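A.B. asks: Provided hereafter are the protein sequence and its experimental coordinates.
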Amino acid sequence: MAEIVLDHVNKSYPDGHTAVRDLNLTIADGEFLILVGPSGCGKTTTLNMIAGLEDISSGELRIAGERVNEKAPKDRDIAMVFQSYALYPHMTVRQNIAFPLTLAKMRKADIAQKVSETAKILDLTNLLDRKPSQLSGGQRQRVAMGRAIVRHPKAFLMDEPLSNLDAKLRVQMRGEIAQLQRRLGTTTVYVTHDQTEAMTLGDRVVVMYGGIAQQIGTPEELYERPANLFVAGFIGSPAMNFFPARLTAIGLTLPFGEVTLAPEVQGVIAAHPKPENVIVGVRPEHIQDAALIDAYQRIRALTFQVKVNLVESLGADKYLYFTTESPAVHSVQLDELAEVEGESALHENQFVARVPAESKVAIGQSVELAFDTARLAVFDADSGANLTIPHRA
Amino acid sequence: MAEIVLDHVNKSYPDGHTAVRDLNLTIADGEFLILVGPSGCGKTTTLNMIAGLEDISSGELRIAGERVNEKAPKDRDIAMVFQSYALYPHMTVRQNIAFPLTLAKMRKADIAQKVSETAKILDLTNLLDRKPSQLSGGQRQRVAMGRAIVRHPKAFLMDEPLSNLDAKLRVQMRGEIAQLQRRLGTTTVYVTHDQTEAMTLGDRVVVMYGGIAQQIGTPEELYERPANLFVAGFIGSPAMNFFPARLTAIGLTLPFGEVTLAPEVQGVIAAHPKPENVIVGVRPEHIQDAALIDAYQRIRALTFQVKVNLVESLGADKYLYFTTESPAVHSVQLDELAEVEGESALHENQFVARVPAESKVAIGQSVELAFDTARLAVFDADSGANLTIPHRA
Amino acid sequence: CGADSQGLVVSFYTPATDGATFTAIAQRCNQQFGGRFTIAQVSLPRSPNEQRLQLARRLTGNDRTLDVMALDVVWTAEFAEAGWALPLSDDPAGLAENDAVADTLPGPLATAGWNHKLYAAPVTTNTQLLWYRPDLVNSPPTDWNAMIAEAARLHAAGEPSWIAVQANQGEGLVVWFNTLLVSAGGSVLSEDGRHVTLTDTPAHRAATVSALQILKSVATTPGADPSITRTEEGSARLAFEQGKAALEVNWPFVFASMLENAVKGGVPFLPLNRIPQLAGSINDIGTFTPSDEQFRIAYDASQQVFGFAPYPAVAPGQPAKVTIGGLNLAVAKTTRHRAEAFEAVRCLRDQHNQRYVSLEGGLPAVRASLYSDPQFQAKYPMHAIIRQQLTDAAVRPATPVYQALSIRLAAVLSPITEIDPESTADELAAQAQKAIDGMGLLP
Amino acid sequence: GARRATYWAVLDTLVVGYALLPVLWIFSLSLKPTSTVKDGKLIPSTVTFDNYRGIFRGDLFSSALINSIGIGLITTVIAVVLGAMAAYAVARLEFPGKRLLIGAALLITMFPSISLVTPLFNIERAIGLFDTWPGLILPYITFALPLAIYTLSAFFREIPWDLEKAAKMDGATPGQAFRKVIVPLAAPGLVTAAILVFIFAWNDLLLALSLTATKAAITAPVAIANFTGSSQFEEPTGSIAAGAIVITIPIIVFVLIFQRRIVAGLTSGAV
Amino acid sequence: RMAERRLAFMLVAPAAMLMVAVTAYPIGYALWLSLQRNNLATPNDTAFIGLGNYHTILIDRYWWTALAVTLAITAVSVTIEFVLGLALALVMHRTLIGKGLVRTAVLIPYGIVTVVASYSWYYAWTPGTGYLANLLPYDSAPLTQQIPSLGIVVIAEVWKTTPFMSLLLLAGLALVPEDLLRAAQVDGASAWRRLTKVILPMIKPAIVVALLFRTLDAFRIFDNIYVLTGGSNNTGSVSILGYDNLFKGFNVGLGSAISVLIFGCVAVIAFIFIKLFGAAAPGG
Ligand SMILES: OC[C@H]1O[C@H](O[C@H]2O[C@H](CO)[C@@H](O)[C@H](O)[C@H]2O)[C@H](O)[C@@H](O)[C@@H]1O
């Protein structure tokens, strides 16, 4: 309902673990802003600092200028959904929903009226009199959301409420959450770990890492312009194919020929501090078989030949890992992004290409492909930011 | 490693409940056969029967040609991996995986050596001394793999090993699983439920339903030619879009006209006794936006318009949810599956169009549908089987 | 080690109130035996009403280790009928039935024979005296009303004004009530226990009412002991020796306690520690044991902050009739060494161990000869008063059901402060009748 | 950091005081010299170990601590042995009457011990085991064995039984499984039930007081209940206090040693 | 199926056999003795009476006084023990600086001998030497009056048997996931409505089981009464009654009827707690 102001709020421990360092951001009214980031990068820390369940190290959080650093969570008029469903087994679902209304000392008749309304919004009419044991995981999640909505708080604080269910239920309830929020038009601070969730719903996405919000922008904006290399490797599914090269006055020295760049992008990459090596990134949907594309694309595309070692029918498209002539990418910040999964660089020199399943090139058969050159993701040697964007101020 | 030939295995539960019905299948060697299906469809049931944990009333099964309807699990020399990870907390990692070798009365020296080797296969030599509690869940799965590999059995039973892991973890680990099985050429049974793992690792994917093996074979055969509505729905991301229609001998009477297809399909339909109602199916990947693709292929296609309700931005592709003025998809085989979804009748016949990013269809606007004429299949709502494929007795 | 085999060990069971003296007695007796056997003392609880409980539990449980028991002076008429405490008549040596009556006093001996047959040998006797602080009071009361008058007088002057009597719900209260009742010309039961003679005769009713009125007038008076209804022998003796009281009624064993506890420190109004002539005059185990003149020193010193006098009467005309008490030695029926036990009994009570217990444990001996010795008369100054009080003492009913009657009495007199004479006197009769008939269930 | 720290400090020092005051009190009594023992000074003055000296001089407490310890061990051994063979059968099998059995094992634990002393006395006086170790071990199982059954049945239900099928699937000999995989999964439960039953053995006074006579079978709570002081004429308060301290320190240090197991056992599984 | 059947019928065979032989046999023996004029002093002459041993008890007075004292002690002590044990389990569960220390402190009274504690409380209320007695108005001596002595007994009982109940309650408490407490706090739990609205109705089975233990254990109170007062002055529980009428009156014929009546009444208590309030075993 009301914008949420941040005044250099940080989370640091006297035991040494600093969770947040002086973040400042205002959550617009009604926007479906979503927090995304790796595990323990400060997401839950920020969320519980908002909810007052976590003590703020320093800084000031304001709900449109209201002193809430010392405010009790019961006196902030907020609501939230816990991924553990935070359900009371002893009381029925009707009593579950009515509980915060009961605490509100409202009229029991209008309390039951509001419960009936919000349940019919969620179609839980025959479940309100049941026990959580008598319900399904989706039903329990719906119960949690209904318990969170009836309060009409200043803001919603959701915490991956669909993380622990089936994928189809996940996506359909995700659409339903989008619909419910937009109909209700209230501020919601959604916290999660997957990027696709935000990409399908977020009116704006904020990537979090170790107390640093690397970027504040819209899902399409994060998709088109990775503000750095960490967001490039983290946002997108799968990540864009990474290629190493060194600086060139007309482009980059690609392992498959010389890549030329436009004058404007050449100027902007020159405007950045000159790196010794450049990190090139291209998304698998860009790299396509040249045997099916027109020559009008190839005037700017650098065509080359490549053999494949991984073949599969992945439906309409084929994510095709190929034995390519491209060495491993090296950068001072790429190391901290490498050990995330464990089998890192074992399939290096073999990158993936999202191509339609119509082609029948199998393993051993070298197929000549081509992709646009301007679709590269450029990164500095020390900053790793997208050098197609000038260094801000 | 050794062939596994099933022959009409049958049950007698104390309750009389029917969990199996005349299973016959040769689980070939070197292949990665996958049993996939919903709860209670028999995957775990037949897997225990493979392990001999559940006893038959009648039927036959042979590994290496010899009858195993009575052979003990301690005797058949088969390695099974448990979703509970079945870890002994009192044994260290190397001891935990050496346990079956010590049980098999082998040599301390070669037991320890083979343990070291099988750990190198899973890179567990780094933590061979730890206890199962003080290592992560993926590492517990790795220790399950360690117990699996060592004994070199005649077959593998990797029951839902990826149930508790995460998406990226599970995809990379199932790639590892497939390549390791190929490295060992071991006959496996990957009893799972998710369709991704099912179709990306299966050489002969076997689907189940209430004790009936609907369609048995390569993922591609089921994927293009679903035997009936159960596989058509349970397989697909999303499932094949079902359109009810009225019977026609020169085509099919859709709620929006007649679809002009080749007549031999109508002859195949007429080869059977005439059904009363029929449903038409086309996967979302076949439907495109005619505002982007001309009517070239649509010269034979039955074109009409649908009201879009939701739109999804994916990046490389675009998804739109759209409901038309067509009757609700009602089928006898779909009505048996009605107890699964939970959010029913809100978006019946609301389908999705797998269209690339360049399609910029607006929300709410009624737009025509572009799709190949032959990419739709004919299956009657009465028998549920795909009439595109003839009824073979 | 590993197997410590030895001769017979006759087990001797004496109350804990006088354990350390009978232990030294057993030590002296284990010399006149050589290697035939030894005696081992074992302690019973300090209260009379539970000493019987322990003894009866051991006797009925066939505890084959119980050899010799020192039982109270009111239990013979019960242990004899109940089969326990086998009679003197069947000592396989044939010596106890005449060793018991050799030199015993005529009073205590009458408490052993039940139906003219002896079942125990008297080892000691008792009778209460009046102990006072002669520096505070002068000319001790010699009457209960005078006792209370002196108590009030001392309380008005802000002095120790407790009377320090035994008033718990035990047997020490029934003893006191019996003393008062009989000294007022009454009696609980008839001469033979057959029907309660408490409140049938108007004279008897007047006597019991006067006794109850004295009991109530004490314990409800200015400056009385607050916890008066929880006091017994040890508590009264200690509360006197601390300096909280200036008068007390207690058995003669309090004199040795006075002297010993004063020499060992303790008593503040009698230091007796700054006298180097008393150095080393405490045995290595605790007992006093003066040499021959350390006693004279420590006694002439105490003779001016301590003193005694005969029991206070009820009416100023007639003297008191103090209730007799003591211990008898008997041989349990659950004994296999039924000869060594009868030997150790007669070896425990002789003209040296009696002298020892009376001169270093306060317990009045029972050998009538000792009270005519000059030296014994010089180390036991209350001998004359004890002899006098033992002449006209007032024995207890001595019926098989006695200890079931004393429980009812103590129960209905349990809170002394909550007494009113006229109803409590008429209420005692019903309880005595029930105890005679053995009806109801005791508290 | 600022509020909560001092809040919990001053809140949980109250419970320390609560728990330690009735013990520090008697311990201070036990050190006061026999003269000043009658003043209400909570903190003593010129303490003397004379009371403990008089307690050690003697043999009454050794020959009772030994009896208590021995009877405790001999009771808990057979209690755990006969109770594990039931708890395992009650947590894994489904015989007809299970709920009745567990209800009985729950109720009889807190049996009214007065309903036993009459027939038990009337029996043991007539069979021969009146004052003996078995004469005490036999009634004590009425409280030991139900407690052992209850505790071990609570603990066994927390065993990952699926490991049985696991071992059946990678090994052989269900007996070898029962021997090698669940036995290490069931040793700590026995080690903890033993401590619980042993501790529970000490808190009995009625039976040990009404069925024991002499030094051969008197336990510790009976030994201290009948104590009256070292000497016969000195004030007995300090001596009784010292005797109590000496007779109670062993089980106290035992409980302090095994605190973790104890709190993990009583709170079944939790903490 | 028959296998596990005949396995249970042989594993719970020695346990049940020993339990029967050592519990149900003395109870039947007591019931058969409860019909005779069996006296310890006169063993050879015992006559079958009938019901002449329950008449003389139900019609007596010391029986009802002891029963009433036992019921009052039980009710009051159990209520106070429940309150203190809950307030203590909370501290033992949500403390922050030192938890091992508070756990040790709580266990100290739990493992102590139940008689040395009674000696401590006995010497604390003794005038002159008792630091508690020196606080009351002079010349109080509360160990002589009936009701103050009962109060002292209740205080000792509470102090001794709180830790056991607090641990029993912390058992059912540690299964309350903290996320529920956080959700309540967010929704507006006053930190009291929290307790009375989610925590208590969630740990009801553990509460009822702890109540059953404490009731059946305080109904057999013998030790604190035996040490502090000894049962004199009408402050004697129903156990003191039997222990006196068996060893001081030697009457087995009714010292056993007392035991039978005590068994019947604790069975009534158990029936109440079991039928009503549930009080099921933790195994479910
Ligand atoms: O003189 C010390 C003895 O005093 C008590 O015994 C006397 O008091 C009893 C009732 O108070 C009488 O029954 C008994 O006859 C008296 O001797 C005490 O019970 C004894 O243990 C002491 O030795």
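C.D. replies: Arrived safely, thanks for sending. Residues are numbered from 1 along each chain as shown, chains lettered A, B, ... in the order given.
A.B. asks: report whether the longest helix seen in chain E contacts chain D.
C.D. replies: Of all segments of type helix in chain E, defined using DSSP state H, the longest is helix E:62-94. Yes: remark: helix E:62-94 sits within contact range of chain D at E:88, E:91, by CB under 8 Å from any CB of the partner chain. Heads up, the C-betas are built off the backbone N, CA and C, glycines and all.
A.B. asks: what's the first helix or strand after that helix?
C.D. replies: helix E:99-111 (DSSP states H and E).
A.B. asks: list the helices and strands whichever strand or helix holds residue D:69 packs on?
C.D. replies: For residue D:69, the host element (DSSP H and E) is helix D:62-92. Helices and strands touching helix D:62-92, by 3 or more CB pairs under 8 Å, 6 or more residues apart in numbering or on different chains; DSSP states H and E, are helix D:98-107, helix D:134-156, helix D:187-202, helix D:220-225, helix D:236-266, helix E:2-19.
A.B. asks: now do the residue nearest to residue D:32 when sequence neighbours are not counted against chain B, distance only.
C.D. replies: Of all residues not flanking residue D:32 in the chain, residue D:44 sits nearest, at 4.8 Å (CB to CB, 6 or more residues apart in numbering or on different chains). According to CB to the nearest CB, to the nearest Å, residue D:44 stands 51 Å off from chain B.
A.B. asks: do the same with residue E:188
C.D. replies: 31 Å.
A.B. asks: quick one, what contacts that residue?
C.D. replies: By CB atoms under 8 Å, 6 or more residues apart in numbering or on different chains, residue E:188 lies in contact with A:74, A:100, A:103, A:104.
A.B. asks: highest neighbour count among those residues?
C.D. replies: residue A:100 (23 neighbours; other CB atoms under 10 Å in any protein chain shown).
A.B. asks: can you tell me the helix or strand for it?
C.D. replies: helix A:93-103.
A.B. asks: for chain E, tell me whether that helix is touching it.
C.D. replies: Yes: using CB under 8 Å from any CB, helix A:93-103 reaches chain E at A:99, A:100, A:103.
A.B. asks: just checking, the first one touches residue A:88?
C.D. replies: Looking back up the chat, that one is residue A:99. Yes: contact criterion CB atoms under 8 Å: residue A:99 and residue A:88 qualify, at 7.0 Å.
A.B. asks: who has more neighbours, those two?
C.D. replies: residue A:99 (23 against 20).
A.B. asks: distance between the ends of stretch E:105-120?
C.D. replies: 17 Å (CA to CA, to the nearest Å).
A.B. asks: spit out the contact partners of the residue of the stretch 201-350 of chain C found nearest the ligand.
C.D. replies: Proximity of the stretch 201-350 of chain C to the ligand (CB to the nearest ligand atom) peaks at residue C:325, 2.4 Å away. Neighbouring residues of residue C:325 by CB under 8 Å, 6+ apart: C:72, C:73, C:74, C:125, C:126, C:127, C:175, C:251.
A.B. asks: can I get the helices and strands packed on helix D:62-92 in TSV with mean neighbour count and distance to residue A:341?
C.D. replies: As requested, the helices and strands packed on helix D:62-92 are exported to TSV (neighbours: other CB atoms under 10 Å in any protein chain shown; distance: least, CB to CB, whole Å):
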stretch	mean neighbour count	distance to residue A:341
helix D:98-107	18	49
helix D:134-156	23	40
helix D:187-202	20	37
helix D:220-225	23	63
helix D:236-266	20	38
helix E:2-19	15	47
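A.B. asks: between those helices, which one is closest to residue A:21.
C.D. replies: Nearest of the helices and strands packed on helix D:62-92 to residue A:21, taken as CB to CB: helix D:236-266 at 39.5 Å.
A.B. asks: the closest one vs chain E: in contact?
C.D. replies: Yes: Helix D:236-266 reaches chain E (CB under 8 Å from any CB) through D:237, D:240-241, D:244-245, D:247-248, D:251-252, D:254-256, D:259, D:262-263, D:266.
A.B. asks: dump the contacts of residue E:188 to CSV, plus distance to residue B:272.
C.D. replies: As requested, the contacts of residue E:188 are exported to CSV (distance: CB to CB, whole Å):
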residue, distance to residue B:272
A:74, 68
A:100, 60
A:103, 64
A:104, 64
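A.B. asks: which of these sits closest to chain B?
C.D. replies: Nearest to chain B among those: residue A:100, at 25.1 Å, using CB to the nearest CB.
A.B. asks: so what's the closest one closest to, chain neighbours aside?
C.D. replies: The shortest distance from residue A:100 to any non-neighbouring residue, by CB to CB, 6+ apart, is to residue E:187 (4.0 Å).
A.B. asks: wait, that neighbour sits on residue A:101?
C.D. replies: No: applying CB under 8 Å as the test, residue E:187 and residue A:101 come out as separate, 9.3 Å apart.
A.B. asks: of the two, who's got more company?
C.D. replies: residue E:187 (24 against 21).
A.B. asks: domains of chain A?
C.D. replies: A:4-224, A:235-379 (automatic domain parsing).
A.B. asks: adding distance to the ligand, write the ones you listed out as CSV.
C.D. replies: Formatted as CSV, the domains of chain A follow (distance: least, CB to the nearest ligand atom, whole Å):
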stretch, distance to the ligand
domain A:4-224, 62
domain A:235-379, 85
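A.B. asks: which parts of the helix or strand residue C:262 falls within are buried?
C.D. replies: Assigned by DSSP H and E, residue C:262 falls within helix C:254-263. Buried residues in helix C:254-263, counted by 16 or more other CB atoms under 10 Å in any protein chain shown: C:254, C:255, C:256, C:257, C:258, C:259, C:260, C:261, C:262, C:263.
A.B. asks: got it, and stretch C:121-135?
C.D. replies: Those would be C:121-134, for stretch C:121-135 by 16+ other CB under 10 Å.
A.B. asks: next, residue C:125: secondary structure please.
C.D. replies: strand (DSSP: H, G, I helix; E, B strand; the rest coil).
A.B. asks: next up, the contacts around the closest residue to it other than its chain neighbours.
C.D. replies: Once flanking residues are discounted, residue C:125 sits nearest to residue C:326: 3.8 Å by CB to CB, 6+ apart. Residue C:326 sits next to C:73, C:108, C:111, C:122, C:123, C:124, C:125, C:126, C:364, C:366 when contact means CB under 8 Å, 6+ apart.
A.B. asks: try it again with 6 Å
C.D. replies: By CB atoms under 6 Å, 6 or more residues apart in numbering or on different chains, the contact set of residue C:326 is C:73, C:108, C:124, C:125, C:126.
A.B. asks: closest one of these to chain E?
C.D. replies: Closest to chain E, out of all of the contacts of residue C:326 and judged by CB to the nearest CB, is residue C:73, at 18.6 Å.
A.B. asks: isn't that closest one up against residue C:111?
C.D. replies: Yes: using CB atoms under 6 Å, residue C:73 makes contact with residue C:111 at a distance of 4.9 Å.
A.B. asks: pull out the buried residues from the helix or strand hosting the residue nearest to residue C:125.
C.D. replies: Using DSSP H and E, residue C:326 sits within strand C:325-331. Neighbour counts using 16+ other CB under 10 Å place C:325, C:326, C:327, C:328, C:329, C:330, C:331 of strand C:325-331 among the buried residues.
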